[PDB]
């Protein structure tokens, strides 16, 4: 079916910036919302941002509003998370997910394997 | 199929309904172009054939469009014009020109259009007013600077005024009135020429004059007035004369007495200048 | 310019009802008029229209043989005679003005609107049941509670909490039409879980069509 | 003539540039109008003749288009502009509206606080049982609860209701009511309410056991 592969993480100092990529293969994803999630050690996975279809906008968690920006490169079947002004609290494994419901109800059936981001 | 239009006569509201009749999926449509008042912003609208708008007395180009391809035919709707027997208070003066016309409802936008007669064509003038309410006398007004040749030339002008509460909607225009006006200093220009006095009897004279230039402009000339002065008793008499007549008979004259006669031509709003005085005796 | 509708209420299916719109502030005889209805949770639907001189009348397909539009230019009143009413006709009915002699262009003036409910359900007050919070907090320091207002007719009912003294965190949902023909809704509030034992929560339901008032205490 | 608007709804922030489209099944030239409606109020006319601005409407509104495709545009969204918007043809009778487009205020995603409520003992006397699931303070509006009674998936027996955007935090709340007879309710033990939302990292399930 479809496989998601995150990349672009790694170690970064406080105040620094990183851009995560989420590349989809197997199936075209330009019709689906793509969401970013994160999970810190010993915590619950939490929502970061969602890029709906081109024209339907983007929505953000309050912890990242004004600092992270989601975008799409639909020709390359890829979506991005530009992360500016990184803080220690942002350290986590970051996951991207397809919303399999085109009506945007949040049916996250397919997930990437994640990429570590460490701020400090 | 084949379709032919019909039009009502202009009603008291300044409207007339354009109706339609058929005498020969398919789509039939109507394109409507208002020719009069060219200085308006919106001049055309495409309509469904079945809705039959109430046009004004303006001139229109109407054309039928059919969609399926299609065919297109056009009829030029003539501008039927109401005649207002009462002349408008149009004043041409040193500082400009001013008009007054009967207003209707509030917040009305008016279009004033005039063109000189018998240079039939030519200087077609158009004016669009801001929305305005009636004055306490029920009149709307507009003015032009002296530089604006608004009827500044001593010629006969044909004027048409339109009204709409929504000037951006083409099918909501109505006719207010149409009228004729002789511009410039009409009082002086209207003076009759070739005034002559001829012996008609032992106690009467015939007075003849050439028609005033105002008589060529429809409805402008109200009447002629003939003033006769008895130079002995200093008595003076005025005789109104129908605008279709350029002759009058003065009777009851006394022998040996000198008399003076002058003629003037009056409009509904202006006293004409008297002709050169004629001296005569029996 | 004002437009005022009247004549609405409850009407049984198949019966008849006559709506009236009173116009003021302009020359009524110079403008076409129309009726537009809106079902509660639905969009707008144009119903009928009439010209300034009542020579032109048009109706939507869903109402053609059943409704009749008419105007009294001497009394500045617009009428809509409704016959053989169905349940789908249940809507708020607005009267609106057209800017020209003929039925044309948009609608620049609207009335307040009147509600017309087509049903054979007969007037009835509601039953009030408690939506009790769990006696053991499983949502941390926040808890949710409310009241269930079921089986009433017609609309509407009013709900307050602690005689209006409790407003923070209050949610009152729009009514739903059950298969029985009766309405039902719910009102909920979120409160601190530690206050369940010390604070009392009472919802106040009122149904003026049946003159029924109910006060229900909600306990874990 | 059918009038189709797109999209059905959209979220925006104050200052954004908003564009709504309206599509007609047949060619209507320029006989098109636009309306704005706020909850519980009569519509207000904004634009006629596809591009003529109605008196009193701010200049940030503008329309364009002809034939079958028409666009309404707000240059800079203001707080009093959040409402629903309808297009209408008057090219021919019967006059028809579009289905409407609701312009909502965008905010940060909020996950719903899910709660489930068993039927009261007082209601069980009447022979009926109403089970209620509550999804409180969530954003955006798109979500999906499925009822599971002893893990059997339910349907046809549930109705739903949604509030408007809260005046304080612009979130939504949703209530789903499952209606059963007392006999059917006593026939089963586990009653579960399963929520999916874009802000939920997992499908959230709240359940209870009858008799506890």
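So for chain B, numbering is Swiss-Prot's, and the shown residues are 239-262, 279-322, 326-539, in order.
For all residues, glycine too, the Cβ spot is worked out from N, Cα and C.
Database features (Swiss-Prot):
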- B:338-444: domain 'Fibronectin type-III 4' (DOMAIN)
- B:329: N-linked glycosylation site (CARBOHYD)
- B:346: N-linked glycosylation site (CARBOHYD)
- B:352: N-linked glycosylation site (CARBOHYD)
- B:442: N-linked glycosylation site (CARBOHYD)
- B:456: N-linked glycosylation site (CARBOHYD)
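Features recorded in Swiss-Prot, as mapped to the structure shown.
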{"residue": "B:329", "record": "N-linked glycosylation site", "Cβ within 10 Å": "10"}
{"residue": "B:346", "record": "N-linked glycosylation site", "Cβ within 10 Å": "14"}
{"residue": "B:352", "record": "N-linked glycosylation site", "Cβ within 10 Å": "8"}
{"residue": "B:442", "record": "N-linked glycosylation site", "Cβ within 10 Å": "14"}
{"residue": "B:456", "record": "N-linked glycosylation site", "Cβ within 10 Å": "10"}
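The distance from the Cα of residue B:262 to the Cα of residue B:279, across a stretch of 16 residues left out of the model, is 18 Å. With 3 residues unmodelled in between, residue B:322 and residue B:326 have Cα atoms 5 angstrom apart. With DSSP states grouped into helix (H, G, I), strand (E, B) and coil, the domain 'Fibronectin type-III 4' (B:338-444) comes out at 5 helix, 49 strand, 53 coil. On a Cα basis, residue B:442 (N-linked glycosylation site) lies 49 Å away from residue B:329 (N-linked glycosylation site). The closest partner of residue B:346 (N-linked glycosylation site) among the glycosylation sites, by CA position, is B:442; the full candidate set was B:352, B:442, B:456. Between the alpha carbons (Cα) of residue B:456 (N-linked glycosylation site) and residue B:442 (N-linked glycosylation site) lies a span of roughly 34 Å. Note: the Cα of residue B:352 (N-linked glycosylation site) and the Cα of residue B:442 (N-linked glycosylation site) are spaced 13 Å from each other.
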